[PDB]
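S.K.: Give me a 3D structure for the following:
(chains A and B)
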Amino acid sequence: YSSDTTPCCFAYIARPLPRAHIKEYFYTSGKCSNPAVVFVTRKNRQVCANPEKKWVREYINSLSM
Amino acid sequence: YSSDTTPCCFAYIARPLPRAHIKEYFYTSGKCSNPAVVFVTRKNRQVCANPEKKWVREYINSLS
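M.R.: Numbering: from 1, shown residues only, chains lettered A, B, ... in the order given. Below is the structure:
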């Protein structure tokens, strides 16, 4: 079993980030207690977000284009 | 409560790391389900270790 660390999220950003500031996303490991999308901003900040939220799913659909 | 990510551990390294390869350590957040020490190597690898093990406690003492 991997002994590397892996990033987990413990709170979700409450309000949508500006779409234009987001360049990438990834999901946190299923081993984490919470499911999460992490948005990577153009300043290379990583922001935890709730995968069940409509705006989060909309951003994912757009980023996957 | 921050929406930053934080590193968590899900397995512990079984064999002691070479002490000469470690530059620092930190404990993972209490928000993680498992307690852990992270040893950071000089190549910036983050290696999870079991805080209950004698070698882990010895390494922590030497780094601090």
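S.K.: Which neighbouring residues are in contact with residue A:2, exactly?
M.R.: Contacts for residue A:2 (CB atoms under 8 Å, 6 or more residues apart in numbering or on different chains) come out as B:10, B:11. Bear in mind the C-beta positions are built from the backbone N, C-alpha and C, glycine included.
S.K.: Now residue A:26. Its backbone dihedrals?
M.R.: Per-residue torsions, residue A:26: phi -150, psi 160 (degrees, to the nearest 10).
S.K.: and chain A, which residues reach chain B?
M.R.: Residues of chain A found near chain B (CB under 8 Å from any CB of the partner chain) are A:1-13, A:28-29, A:31-33, A:38, A:46-49.
S.K.: taking these one by one, which sit in strands?
M.R.: Counting by DSSP state E, the residues of chain A next to chain B place A:6, A:7, A:8, A:9, A:38, A:46, A:47, A:48, A:49 in strands.
S.K.: Of the residues you listed - the most surrounded one?
M.R.: Greatest neighbour count in those, by other CB atoms under 10 Å in any protein chain shown, goes to residue A:9: 27 neighbours.
S.K.: Now do the contacts for it.
M.R.: Applying CB under 8 Å, 6+ apart, the residues contacting residue A:9 are A:28, A:32, A:34, A:36, A:38, A:48, B:3, B:5, B:6.
S.K.: Quick check: the two most widely separated of these?
M.R.: Using CB to CB, the pair of the contacts of residue A:9 lying farthest apart is A:32 and B:3, separated by 13.8 Å.
S.K.: give the contact list for the residue positioned nearest the centre of chain A.
M.R.: Centroid-nearest residue in chain A, with CA atoms, centre = their mean: residue A:38, separated by 1.6 Å. For residue A:38, the contacting residues are A:7, A:9, A:25, A:26, A:27, A:28, A:46, A:47, A:48, A:49, B:5, by CB under 8 Å, 6+ apart.
S.K.: now the fourth one, nearest residue through space, not along the chain?
M.R.: Think residue A:26. Computed as CB to CB, 6 or more residues apart in numbering or on different chains, the closest residue to residue A:26 that is not its neighbour in sequence is residue A:38, at 5.4 Å.
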